[PDB]
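Written out below as structure tokens is the structure these notes cover.
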Amino acid sequence: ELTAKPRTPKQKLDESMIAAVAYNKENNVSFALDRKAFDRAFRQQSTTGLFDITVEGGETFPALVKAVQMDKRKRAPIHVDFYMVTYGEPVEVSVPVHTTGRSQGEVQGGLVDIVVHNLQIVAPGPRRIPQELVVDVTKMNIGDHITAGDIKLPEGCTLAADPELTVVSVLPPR
Amino acid sequence: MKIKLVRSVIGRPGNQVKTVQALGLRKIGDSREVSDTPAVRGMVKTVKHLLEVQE
Amino acid sequence: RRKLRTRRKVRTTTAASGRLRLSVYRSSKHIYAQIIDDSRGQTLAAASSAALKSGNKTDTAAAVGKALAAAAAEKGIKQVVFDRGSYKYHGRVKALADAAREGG
Amino acid sequence: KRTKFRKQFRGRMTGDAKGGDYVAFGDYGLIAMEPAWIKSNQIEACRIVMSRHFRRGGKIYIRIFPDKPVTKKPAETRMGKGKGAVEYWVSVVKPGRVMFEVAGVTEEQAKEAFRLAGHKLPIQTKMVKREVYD
Amino acid sequence: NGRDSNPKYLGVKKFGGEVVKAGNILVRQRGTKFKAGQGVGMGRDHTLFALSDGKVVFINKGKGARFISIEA
RNA sequence: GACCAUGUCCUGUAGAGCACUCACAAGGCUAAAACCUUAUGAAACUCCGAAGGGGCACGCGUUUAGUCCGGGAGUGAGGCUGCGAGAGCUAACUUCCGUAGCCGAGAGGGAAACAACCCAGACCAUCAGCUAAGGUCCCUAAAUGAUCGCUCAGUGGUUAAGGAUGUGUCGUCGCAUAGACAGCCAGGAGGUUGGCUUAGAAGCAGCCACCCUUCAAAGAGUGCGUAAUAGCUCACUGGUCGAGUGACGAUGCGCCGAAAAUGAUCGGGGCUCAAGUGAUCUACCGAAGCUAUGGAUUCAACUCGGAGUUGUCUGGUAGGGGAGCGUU
RNA sequence: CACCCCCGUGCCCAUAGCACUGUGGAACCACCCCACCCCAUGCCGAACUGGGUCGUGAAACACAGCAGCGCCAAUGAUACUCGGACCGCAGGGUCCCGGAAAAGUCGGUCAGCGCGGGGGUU
Ligand SMILES: [Mg+2]
Ligand SMILES: [Mg+2]
Ligand SMILES: [Mg+2]
Ligand SMILES: [Mg+2]
Ligand SMILES: [Mg+2]
Ligand SMILES: [Mg+2]
Ligand SMILES: [Mg+2]
Ligand SMILES: [Mg+2]
Ligand SMILES: [Mg+2]
Ligand SMILES: [Mg+2]
Ligand SMILES: [Mg+2]
Ligand SMILES: [Mg+2]
Ligand SMILES: [Mg+2]
Ligand SMILES: [Mg+2]
Ligand SMILES: [Mg+2]
Ligand SMILES: [Mg+2]
Ligand SMILES: [Mg+2]
Ligand SMILES: [Mg+2]
Ligand SMILES: [Mg+2]
Ligand SMILES: [Mg+2]
Ligand SMILES: [Mg+2]
Ligand SMILES: [Mg+2]
Ligand SMILES: [Mg+2]
Ligand SMILES: [Mg+2]
Ligand SMILES: [Mg+2]
Ligand SMILES: [Mg+2]
Ligand SMILES: [Mg+2]
Ligand SMILES: [Mg+2]
Ligand SMILES: [Mg+2]
Ligand SMILES: [Mg+2]
Ligand SMILES: [Mg+2]
Ligand SMILES: [Mg+2]
Ligand SMILES: [Mg+2]
Ligand SMILES: [Mg+2]
Ligand SMILES: [Mg+2]
Ligand SMILES: [Mg+2]
Ligand SMILES: [Mg+2]
Ligand SMILES: [Mg+2]
């Protein structure tokens with residue numbers, strides 16, 4: 001897995017997706033990653049899950065990806081931030097939104113826009129967080145907007161955004 | 001510390017020129033021992049691209 | 001608001017003059033009126049009205065001034081600056097100054 | 001594209017973009033490869049062509065905008081007197097700054113939309129799909 | 001246009017760590033960009049000059065709360 | 001003095017941000033100003049904010065200049081390059097400022113040639129040595145040097161948007177010894193001469209919509225077809241077939257794109273059977289730079305009543321100073 | 001600085017402030033209390049102000065809880081840049097060395113130190 005690269009060591013042209021710190025109250029950790037092998041996992045997990053790492057010394061450490069620092073000039077990653085999981089509803093995570101089926105406005109109307117492609121919520125379960133949030137858009141009429149207030153939140157989840165905020169909304173054509 | 005000019009002072013911004021002058025090598029191919037004191041160690045770091053630092 | 005006191009206590013810039021200042025608190029007639037050298041965080045001459053009696057507030061105030069004048073003269077002080085509180089020089093406090101410098 | 005009221009004139013320079021390196025709003029998008037000014041009219045042509053490909057569509061955000069006047073000197077005149085009066089507006093577009101961002105159209109349809117929308121443009125560009133976004 | 005106005009070479013004429021004679025001018029300013037600490041007195045155009053000979057020291061929590069004292 | 005180091009203070013640029021001002025992007029909210037989620041630019045915007053930079057003090061350290069006072073001046077037309085701005089068209093061997101260096105005032109080697117670029121500041125003499133930049137096939141001094149490649153274009157030795165089964169290096173996505181990609185035969189279907197259209201629009205002008213039967217097997221279904229159907233093909237099916245292929249991608253070197261005027265060319269020859277190239281490493285050539293021997297001036301110390309020693313210095317326009325030679 | 005608590009006045013100079021809030025009571029402070037006069041309102045004893053107990057901790061104020069807000073805020077990584085050295089005709093950009101933010105995350109706090117006095121455990 002990851003190796004220690006404290007301070008400012010040079011990276012391989014194999015990107016080794018460096019510049020990675022995991023932190024909470026306890027300890028800060030080292031950078032070095034394994035380039036594409038990072039990306040191959042990250043897209044699968046994509047902020048909504050955790051995965052362990054094993055630097056020599058510490059054989060395990062769970063973190064859920066707090067944020068990434070990609071290049072601007074060549075759309076590739078650079079630095080990634082992490083946060084450790086103290087368990088027992090401590091997690092403030094941004095769940096992806098998703099939409100199911102044909103909508104009544106997808107029948108005869110037009111556009112079906114997700115105004116918030118992702119949305120933040122606290123998770124009562126630390127190691128169990130939704131990987132998505134399928135939304136039942138079938139029943140809305142053209143010109144209506146599903147607000148966040150009626151967005152299903154499984155197993156006692158709180159909503160970290162405004163109840164009245166629009167999330168998806170059908171839109172007129174043109 | 002051993003020091004030797006192996007670059008001309010000509011055409012180089014004048015802080016580097018008074019720097020080599022106070023270092024006391026007035027011609028390329030000069031050398032001298034130098035004190036470890038941070039003042040003169042920084043006096044040599046300023047124009048290290050002109051010199052061969054040996055020690 | 002009571003921007004009387006921050007104003008009057010910014011006008012004691014003449015604590016740079018070396019004179020001490022003489023705060024007064026025409027509140028419950030508690031008029032404790034401390035004397036302070038500001039440079040240290042130190043006060044030098046209290047005169048609280050704990051059981052002085054003396055009657056009506058305007059004259060008990062002059063009693064507090066005449067007693068504090070001795071209480072500070074013991075220690076060796078004479079330069080004075082009358083840092084009034086929000087209060088005017090209206091009498092019930094003016095008696096404090098009259099009786100205080102009556103017997104510095 | 002034209003700015004409804006302002007102060008009159010400007011200047012210029014470049015270094016790499018610090019506002020809008022990531023896409024929101026849309027499904028896919030398009031990004032600059034080259035620093036440049038872009039005129040109101042280059043925008044409007046991208047709008048005209050991508051509205052040609054998006055009939056009854058409405059998925060066309062334009063996350064760029066001509067803020068900067070640029071003022072050519074009149075006909076044939078020797079130098080002397082001000083920068084004439086403004087001839088056209090332009091938008092600074094440093095690399096990595098997204099310009100365009102579609103939704104609701106299948107990958108090859110948006111890809112052709114971006115082919116034509118880039119070909120009227122004075123710069124290299126690239127289509128991007130969104131996933132490394134916080 | 002093509003108009004403009006003379007320079008007013010304003011500034012911190014004396015920087016903290018500079019001994020000053022009485023009447024030396026230490027800060028020039030349009031206003032109270034500096035607010036004059038102990039020993040200093042501020043003029044008409046709000047330049048503040050030392051009154052007492054000695055070292056110059058900057059009290060400076062900032063945001064309009066910067067003061068110039070002189071220590072003897 | 002000067003550079004450099006420490007300590008301290010002052011600054012509002014780069015950047016970066018919207019907290020005020022102008023602007024501005026999609027929505028929700030609503031008698032729309034306002035407001036919220038999301039999203040941005042700003043020389044005259046700033047919640048912020050370096051690097052650096054200036055003043056002081058020290059010298060905790062190397063150096064040699066400085067200050068004032070008196071005599072004489074000249075100069076007050078600048079030029080380029082790089083960085084930072086304005087003006088211009090992000091033109092100019094353009095014009096105007098900041099800043100560094102060169103040129104002016106500068107010789108010597110390199111850049112074919114060439115004030116400005118790269119190297120390097122010429123006291124004198126030598127048929128002596130090491131090097132800088134730059135070089136080592138012949139011109140022409142010096143490895144037809146060594147090792148892993150890269151380009152077969154004379155690219156090298158004149159641009160770009162854009163295109164390309166050109167070629168190496170990685171690299172992401174599918175379907176294969178239950179046998180796929182082209183490749184040969186075999187089938188092409190069903191209401192359906194399908195709704196919506198103009199005068200007929202019937203895979204196959206065209207705005208709106210794609211479900212359902214009979215099947216090992218076929219999408220009311222691709223480009224062609226006369227104005228409409230047939231017609232030869234196609235997407236799945238098959239005996240055969242016998243092993244890899246196809247896709248977008250990053251890139252390294254190249255192709256096209258690519259027309260001007262007397263005769264062509266990389267400085268020339270010629271170079272791939274490297275004299276191109278990217279990476280490494282040497283070995284030597286190569287200057288008026290440095291080293292050797294000899295030699296003389298400027299200054300300064302050091303000695304004897306300019307001399308001699310040691311160090312040091314000696315490119316030069318206007319100019320200032322000094323020692324001297326020639327004529328009546 | 002024996003332990004708390006109150007009135008005041010400083011240093012500090014939002015990590016101390018806001019809001020939600022609960023305790024407080026004749027000890028301190030605070031409103032209420034009356035006004036021809038000291039004294040005053042460009043009208044009002046609201047404000048100054050002068051004469052006082054009840055009453056009441058309502059309000060204000062003090063003091064605690066409090067991480068919804070604000071306030072601060074790393075590491076890490078960049079941006080940028082001093083010197084060095086480069087490429088692109090150009091807009092522009094790269095490399096070596098060293099200094100290095102801003103925004104955000106992690107996380108921190110509803111403070112911290114004096115001085116005089118008043119009343120408490122009598
Ligand atoms: Mg600039
Ligand atoms: Mg931004
Ligand atoms: Mg003008
Ligand atoms: Mg000095
Ligand atoms: Mg800026
Ligand atoms: Mg400056
Ligand atoms: Mg000293
Ligand atoms: Mg003179
Ligand atoms: Mg002139
Ligand atoms: Mg000039
Ligand atoms: Mg212009
Ligand atoms: Mg010129
Ligand atoms: Mg000219
Ligand atoms: Mg001349
Ligand atoms: Mg010169
Ligand atoms: Mg030359
Ligand atoms: Mg040449
Ligand atoms: Mg030559
Ligand atoms: Mg010439
Ligand atoms: Mg010449
Ligand atoms: Mg020239
Ligand atoms: Mg060179
Ligand atoms: Mg040699
Ligand atoms: Mg060499
Ligand atoms: Mg030869
Ligand atoms: Mg090209
Ligand atoms: Mg060979
Ligand atoms: Mg050699
Ligand atoms: Mg030689
Ligand atoms: Mg010589
Ligand atoms: Mg001799
Ligand atoms: Mg000379
Ligand atoms: Mg010379
Ligand atoms: Mg001479
Ligand atoms: Mg860091
Ligand atoms: Mg450096
Ligand atoms: Mg630099
Ligand atoms: Mg750096």
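Order determines the names: the first chain of the structure tokens is A, the second B, and so forth; residues in each chain are numbered 1 upward, and ligands are numbered 1 upward as they are shown.
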
Polymer residues at most 9 Å from residue 29 (chain G), only C-alpha atoms (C1' of nucleotides), same-chain spacing of 2 or more positions, as a count of residues only: 6

Would you tabulate, counting only C-alpha atoms (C1' of nucleotides), all residues of chain F that have an atom at most 10 Å from an atom of chain D, showing the closest pair of atoms and their distance in Å to one decimal, sorted by chain then ascending number, as JSON lines?
```
{"residue": "F:15", "atom": "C1'", "partner": "D:18", "partner_atom": "CA", "distance": 9.8}
{"residue": "F:16", "atom": "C1'", "partner": "D:18", "partner_atom": "CA", "distance": 8.2}
{"residue": "F:22", "atom": "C1'", "partner": "D:6", "partner_atom": "CA", "distance": 6.7}
{"residue": "F:23", "atom": "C1'", "partner": "D:6", "partner_atom": "CA", "distance": 7.3}
{"residue": "F:24", "atom": "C1'", "partner": "D:65", "partner_atom": "CA", "distance": 7.5}
{"residue": "F:25", "atom": "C1'", "partner": "D:63", "partner_atom": "CA", "distance": 5.8}
{"residue": "F:26", "atom": "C1'", "partner": "D:61", "partner_atom": "CA", "distance": 7.0}
{"residue": "F:38", "atom": "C1'", "partner": "D:25", "partner_atom": "CA", "distance": 8.2}
{"residue": "F:39", "atom": "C1'", "partner": "D:63", "partner_atom": "CA", "distance": 8.0}
{"residue": "F:40", "atom": "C1'", "partner": "D:19", "partner_atom": "CA", "distance": 6.6}
{"residue": "F:41", "atom": "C1'", "partner": "D:67", "partner_atom": "CA", "distance": 6.6}
{"residue": "F:42", "atom": "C1'", "partner": "D:67", "partner_atom": "CA", "distance": 8.4}
{"residue": "F:43", "atom": "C1'", "partner": "D:10", "partner_atom": "CA", "distance": 6.8}
{"residue": "F:44", "atom": "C1'", "partner": "D:7", "partner_atom": "CA", "distance": 9.3}
{"residue": "F:85", "atom": "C1'", "partner": "D:13", "partner_atom": "CA", "distance": 9.8}
{"residue": "F:86", "atom": "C1'", "partner": "D:11", "partner_atom": "CA", "distance": 8.5}
{"residue": "F:87", "atom": "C1'", "partner": "D:83", "partner_atom": "CA", "distance": 8.0}
{"residue": "F:88", "atom": "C1'", "partner": "D:79", "partner_atom": "CA", "distance": 8.0}
{"residue": "F:89", "atom": "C1'", "partner": "D:72", "partner_atom": "CA", "distance": 7.3}
{"residue": "F:90", "atom": "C1'", "partner": "D:12", "partner_atom": "CA", "distance": 7.8}
{"residue": "F:95", "atom": "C1'", "partner": "D:79", "partner_atom": "CA", "distance": 8.6}
{"residue": "F:161", "atom": "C1'", "partner": "D:122", "partner_atom": "CA", "distance": 8.0}
{"residue": "F:162", "atom": "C1'", "partner": "D:119", "partner_atom": "CA", "distance": 9.3}
```

Shell of 9 Å around ligand 24 (only C-alpha atoms (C1' of nucleotides) and all ligand atoms), written as a VMD selection string: chain F and resid 131 to 135

Output of the above residues as a PDB file, in the first residue's frame, restricted to N, CA, C and O atoms (P, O5', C5', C4', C3', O3' and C1' of nucleotides):
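File produced: result-v1.pdb:
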```pdb
ATOM      1  P     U F 131      42.696  21.267 -19.590  1.00  0.00           P
ATOM      2  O5'   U F 131      41.925  22.658 -19.801  1.00  0.00           O
ATOM      3  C5'   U F 131      40.521  22.803 -19.608  1.00  0.00           C
ATOM      4  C4'   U F 131      40.172  24.117 -18.931  1.00  0.00           C
ATOM      5  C3'   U F 131      38.983  24.875 -19.499  1.00  0.00           C
ATOM      6  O3'   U F 131      37.727  24.322 -19.108  1.00  0.00           O
ATOM      7  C1'   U F 131      40.769  26.389 -19.134  1.00  0.00           C
ATOM      8  P     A F 132      36.443  24.305 -20.100  1.00  0.00           P
ATOM      9  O5'   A F 132      35.950  25.823 -20.101  1.00  0.00           O
ATOM     10  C5'   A F 132      35.829  26.514 -18.865  1.00  0.00           C
ATOM     11  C4'   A F 132      35.091  27.817 -18.999  1.00  0.00           C
ATOM     12  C3'   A F 132      34.033  27.859 -20.081  1.00  0.00           C
ATOM     13  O3'   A F 132      32.811  27.313 -19.630  1.00  0.00           O
ATOM     14  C1'   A F 132      35.421  29.750 -20.265  1.00  0.00           C
ATOM     15  P     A F 133      32.139  26.102 -20.429  1.00  0.00           P
ATOM     16  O5'   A F 133      31.315  26.887 -21.545  1.00  0.00           O
ATOM     17  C5'   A F 133      30.466  27.962 -21.157  1.00  0.00           C
ATOM     18  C4'   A F 133      30.286  29.029 -22.220  1.00  0.00           C
ATOM     19  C3'   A F 133      29.876  28.577 -23.607  1.00  0.00           C
ATOM     20  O3'   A F 133      28.495  28.274 -23.682  1.00  0.00           O
ATOM     21  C1'   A F 133      31.575  30.170 -23.798  1.00  0.00           C
ATOM     22  P     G F 134      27.980  26.892 -24.325  1.00  0.00           P
ATOM     23  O5'   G F 134      28.691  26.817 -25.765  1.00  0.00           O
ATOM     24  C5'   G F 134      28.282  27.658 -26.851  1.00  0.00           C
ATOM     25  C4'   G F 134      29.331  27.760 -27.947  1.00  0.00           C
ATOM     26  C3'   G F 134      29.638  26.475 -28.703  1.00  0.00           C
ATOM     27  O3'   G F 134      28.718  26.209 -29.739  1.00  0.00           O
ATOM     28  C1'   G F 134      31.665  27.434 -27.988  1.00  0.00           C
ATOM     29  P     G F 135      28.326  24.690 -30.082  1.00  0.00           P
ATOM     30  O5'   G F 135      29.722  23.946 -30.203  1.00  0.00           O
ATOM     31  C5'   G F 135      29.992  23.039 -31.259  1.00  0.00           C
ATOM     32  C4'   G F 135      31.467  23.048 -31.557  1.00  0.00           C
ATOM     33  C3'   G F 135      32.111  21.691 -31.833  1.00  0.00           C
ATOM     34  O3'   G F 135      32.051  21.345 -33.215  1.00  0.00           O
ATOM     35  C1'   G F 135      33.379  22.894 -30.208  1.00  0.00           C
TER      36        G F 135
END
```

Contact residues (chain F, partner chain E, 8 Å, only C-alpha atoms (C1' of nucleotides)) as a PyMOL selection string: chain F and resi 8-10+55-57

Would you write out those residues with C-alpha atoms (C1' of nucleotides), as a PDB file, in the first residue's frame?
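Produced file out_4.pdb, reproduced below:
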```pdb
ATOM      1  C1'   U F   8      13.583  45.378  14.557  1.00  0.00           C
ATOM      2  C1'   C F   9      10.165  48.237  12.246  1.00  0.00           C
ATOM      3  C1'   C F  10       7.262  50.174   7.663  1.00  0.00           C
ATOM      4  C1'   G F  55      15.141  53.009   7.404  1.00  0.00           C
ATOM      5  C1'   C F  56      17.491  52.166  11.877  1.00  0.00           C
ATOM      6  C1'   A F  57      21.302  49.419  15.297  1.00  0.00           C
TER       7        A F  57
END
```

Test item: residues lying within 10 Å of ligand 25 with only C-alpha atoms (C1' of nucleotides) and all ligand atoms, as a ChimeraX atom specification: /F:136-142,285

Site check for ligand 38: residues at most 10 Å away, only C-alpha atoms (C1' of nucleotides) and all ligand atoms, as a count of residues only: 7

Contacts of ligand 31, 9 Å or closer, only C-alpha atoms (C1' of nucleotides) and all ligand atoms, given as a ChimeraX atom specification: /F:294-296

Output N, CA, C and O atoms (P, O5', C5', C4', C3', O3' and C1' of nucleotides) of each residue in that selection to a file, as a PDB file, in the first residue's frame.
```pdb
ATOM      1  P     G F 294      61.837  35.619 -13.471  1.00  0.00           P
ATOM      2  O5'   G F 294      62.085  36.576 -14.722  1.00  0.00           O
ATOM      3  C5'   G F 294      63.290  36.508 -15.470  1.00  0.00           C
ATOM      4  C4'   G F 294      63.228  37.405 -16.671  1.00  0.00           C
ATOM      5  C3'   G F 294      62.885  38.854 -16.396  1.00  0.00           C
ATOM      6  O3'   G F 294      63.951  39.612 -15.846  1.00  0.00           O
ATOM      7  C1'   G F 294      61.608  38.092 -18.228  1.00  0.00           C
ATOM      8  P     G F 295      63.647  40.672 -14.663  1.00  0.00           P
ATOM      9  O5'   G F 295      62.954  41.888 -15.431  1.00  0.00           O
ATOM     10  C5'   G F 295      63.635  42.503 -16.514  1.00  0.00           C
ATOM     11  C4'   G F 295      62.719  43.262 -17.442  1.00  0.00           C
ATOM     12  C3'   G F 295      61.925  44.398 -16.833  1.00  0.00           C
ATOM     13  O3'   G F 295      62.681  45.554 -16.551  1.00  0.00           O
ATOM     14  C1'   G F 295      60.520  43.157 -18.227  1.00  0.00           C
ATOM     15  P     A F 296      62.543  46.202 -15.098  1.00  0.00           P
ATOM     16  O5'   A F 296      61.674  47.494 -15.341  1.00  0.00           O
ATOM     17  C5'   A F 296      61.934  48.315 -16.453  1.00  0.00           C
ATOM     18  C4'   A F 296      60.735  49.160 -16.727  1.00  0.00           C
ATOM     19  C3'   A F 296      60.161  49.814 -15.492  1.00  0.00           C
ATOM     20  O3'   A F 296      60.880  51.006 -15.209  1.00  0.00           O
ATOM     21  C1'   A F 296      58.426  48.849 -16.820  1.00  0.00           C
TER      22        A F 296
END
```

Neighbouring residues of ligand 14 are defined here as those with any atom at most 10 Å from a ligand atom, counting only C-alpha atoms (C1' of nucleotides) and all ligand atoms; list them as a PDB file with N, CA, C and O atoms (P, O5', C5', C4', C3', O3' and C1' of nucleotides), in the first residue's frame.
```
ATOM      1  P     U F  75      29.575  69.004 -23.295  1.00  0.00           P
ATOM      2  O5'   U F  75      28.798  67.885 -22.485  1.00  0.00           O
ATOM      3  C5'   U F  75      29.055  66.511 -22.743  1.00  0.00           C
ATOM      4  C4'   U F  75      28.223  65.650 -21.838  1.00  0.00           C
ATOM      5  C3'   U F  75      26.737  65.942 -21.858  1.00  0.00           C
ATOM      6  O3'   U F  75      26.066  65.289 -22.902  1.00  0.00           O
ATOM      7  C1'   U F  75      27.467  65.858 -19.638  1.00  0.00           C
ATOM      8  P     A F  77      18.761  67.446 -23.616  1.00  0.00           P
ATOM      9  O5'   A F  77      19.646  67.026 -24.879  1.00  0.00           O
ATOM     10  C5'   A F  77      20.212  65.715 -24.998  1.00  0.00           C
ATOM     11  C4'   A F  77      19.411  64.803 -25.896  1.00  0.00           C
ATOM     12  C3'   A F  77      19.572  63.304 -25.644  1.00  0.00           C
ATOM     13  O3'   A F  77      18.326  62.664 -25.871  1.00  0.00           O
ATOM     14  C1'   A F  77      20.097  63.778 -27.897  1.00  0.00           C
ATOM     15  P     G F  78      17.337  62.255 -24.672  1.00  0.00           P
ATOM     16  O5'   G F  78      17.223  60.668 -24.851  1.00  0.00           O
ATOM     17  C5'   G F  78      18.271  59.797 -24.449  1.00  0.00           C
ATOM     18  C4'   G F  78      18.878  59.038 -25.604  1.00  0.00           C
ATOM     19  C3'   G F  78      18.483  57.566 -25.749  1.00  0.00           C
ATOM     20  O3'   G F  78      17.310  57.367 -26.528  1.00  0.00           O
ATOM     21  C1'   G F  78      20.833  57.757 -25.788  1.00  0.00           C
ATOM     22  P     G F 104      31.483  50.684 -26.858  1.00  0.00           P
ATOM     23  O5'   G F 104      30.521  51.948 -26.807  1.00  0.00           O
ATOM     24  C5'   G F 104      30.611  52.944 -27.813  1.00  0.00           C
ATOM     25  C4'   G F 104      29.528  53.955 -27.628  1.00  0.00           C
ATOM     26  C3'   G F 104      29.968  55.271 -27.002  1.00  0.00           C
ATOM     27  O3'   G F 104      30.303  56.216 -28.007  1.00  0.00           O
ATOM     28  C1'   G F 104      28.067  54.373 -25.856  1.00  0.00           C
ATOM     29  P     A F 105      31.517  57.272 -27.877  1.00  0.00           P
ATOM     30  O5'   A F 105      32.556  56.627 -26.865  1.00  0.00           O
ATOM     31  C5'   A F 105      33.453  55.614 -27.299  1.00  0.00           C
ATOM     32  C4'   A F 105      34.353  55.163 -26.180  1.00  0.00           C
ATOM     33  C3'   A F 105      34.325  53.668 -25.893  1.00  0.00           C
ATOM     34  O3'   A F 105      35.616  53.299 -25.452  1.00  0.00           O
ATOM     35  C1'   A F 105      33.700  54.840 -23.951  1.00  0.00           C
ATOM     36  P     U F 317      40.345  58.047 -24.073  1.00  0.00           P
ATOM     37  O5'   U F 317      38.840  58.310 -24.527  1.00  0.00           O
ATOM     38  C5'   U F 317      38.446  58.146 -25.893  1.00  0.00           C
ATOM     39  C4'   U F 317      37.316  59.071 -26.299  1.00  0.00           C
ATOM     40  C3'   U F 317      37.267  60.377 -25.516  1.00  0.00           C
ATOM     41  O3'   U F 317      38.003  61.387 -26.179  1.00  0.00           O
ATOM     42  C1'   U F 317      35.149  59.317 -25.427  1.00  0.00           C
ATOM     43  P     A F 318      38.532  62.680 -25.392  1.00  0.00           P
ATOM     44  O5'   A F 318      37.186  63.382 -24.898  1.00  0.00           O
ATOM     45  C5'   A F 318      36.422  64.179 -25.789  1.00  0.00           C
ATOM     46  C4'   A F 318      35.358  64.949 -25.059  1.00  0.00           C
ATOM     47  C3'   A F 318      35.873  65.883 -23.977  1.00  0.00           C
ATOM     48  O3'   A F 318      36.188  67.159 -24.502  1.00  0.00           O
ATOM     49  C1'   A F 318      34.078  64.557 -23.143  1.00  0.00           C
TER      50        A F 318
END
```

Alpha helix (DSSP H) residues, from DSSP on the backbone, in chain B, as a list in words: residues 14, 15, 16, 17, 18, 19, 20, 21, 22, 23, 38, 39, 40, 41, 42, 43, 44 and 45 of chain B

Next, dump the selected residues to file, keeping only N, CA and C atoms, as an mmCIF file, in the first residue's frame.
```
data_model
loop_
_atom_site.group_PDB
_atom_site.id
_atom_site.type_symbol
_atom_site.label_atom_id
_atom_site.label_comp_id
_atom_site.auth_asym_id
_atom_site.auth_seq_id
_atom_site.Cartn_x
_atom_site.Cartn_y
_atom_site.Cartn_z
ATOM 1 N N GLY B 14 25.248 44.330 -9.797
ATOM 2 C CA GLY B 14 26.355 44.899 -9.024
ATOM 3 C C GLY B 14 26.448 44.447 -7.573
ATOM 4 N N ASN B 15 25.369 43.903 -7.019
ATOM 5 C CA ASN B 15 25.503 43.293 -5.712
ATOM 6 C C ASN B 15 26.442 42.097 -5.778
ATOM 7 N N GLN B 16 26.376 41.314 -6.850
ATOM 8 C CA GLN B 16 27.330 40.220 -6.992
ATOM 9 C C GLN B 16 28.755 40.730 -7.223
ATOM 10 N N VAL B 17 28.904 41.940 -7.755
ATOM 11 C CA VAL B 17 30.229 42.478 -8.038
ATOM 12 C C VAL B 17 30.888 42.979 -6.755
ATOM 13 N N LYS B 18 30.141 43.721 -5.931
ATOM 14 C CA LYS B 18 30.694 44.123 -4.642
ATOM 15 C C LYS B 18 30.817 42.929 -3.700
ATOM 16 N N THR B 19 30.014 41.888 -3.929
ATOM 17 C CA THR B 19 30.137 40.659 -3.166
ATOM 18 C C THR B 19 31.453 39.957 -3.457
ATOM 19 N N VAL B 20 31.787 39.763 -4.729
ATOM 20 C CA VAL B 20 33.078 39.142 -5.001
ATOM 21 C C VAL B 20 34.207 40.043 -4.520
ATOM 22 N N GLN B 21 34.030 41.369 -4.630
ATOM 23 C CA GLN B 21 35.104 42.281 -4.232
ATOM 24 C C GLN B 21 35.409 42.171 -2.739
ATOM 25 N N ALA B 22 34.368 42.203 -1.901
ATOM 26 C CA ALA B 22 34.580 42.009 -0.471
ATOM 27 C C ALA B 22 34.998 40.587 -0.131
ATOM 28 N N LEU B 23 34.681 39.605 -0.980
ATOM 29 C CA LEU B 23 35.279 38.292 -0.780
ATOM 30 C C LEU B 23 36.780 38.324 -1.032
ATOM 31 N N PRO B 38 28.350 32.801 9.829
ATOM 32 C CA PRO B 38 27.191 32.859 8.927
ATOM 33 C C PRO B 38 27.217 34.055 8.012
ATOM 34 N N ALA B 39 27.766 35.188 8.470
ATOM 35 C CA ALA B 39 27.867 36.371 7.608
ATOM 36 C C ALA B 39 28.609 36.030 6.324
ATOM 37 N N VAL B 40 29.818 35.480 6.441
ATOM 38 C CA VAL B 40 30.578 35.186 5.227
ATOM 39 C C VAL B 40 30.079 33.918 4.535
ATOM 40 N N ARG B 41 29.493 32.966 5.267
ATOM 41 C CA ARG B 41 28.913 31.826 4.565
ATOM 42 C C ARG B 41 27.771 32.275 3.659
ATOM 43 N N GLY B 42 26.993 33.271 4.100
ATOM 44 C CA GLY B 42 25.953 33.824 3.242
ATOM 45 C C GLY B 42 26.506 34.727 2.160
ATOM 46 N N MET B 43 27.615 35.406 2.450
ATOM 47 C CA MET B 43 28.340 36.153 1.430
ATOM 48 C C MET B 43 28.788 35.242 0.301
ATOM 49 N N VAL B 44 29.095 33.982 0.601
ATOM 50 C CA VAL B 44 29.475 33.043 -0.455
ATOM 51 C C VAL B 44 28.266 32.360 -1.090
ATOM 52 N N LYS B 45 27.213 32.085 -0.320
ATOM 53 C CA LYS B 45 26.010 31.532 -0.941
ATOM 54 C C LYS B 45 25.430 32.495 -1.965
#
```

Region 50-60 of chain C environment, 10 Å, only C-alpha atoms (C1' of nucleotides), sequence neighbours closer than 2 positions dropped, as a PyMOL selection string: (chain C and resi 26+28-32+47-48+62-67+91-96+99) or (chain G and resi 50-52+117-119)

Residue list (strand (DSSP E or B), DSSP) for chain D, as number ranges by chain: D: 28-32, 36-39, 60-62, 68-70, 88-93, 98-102, 125-129
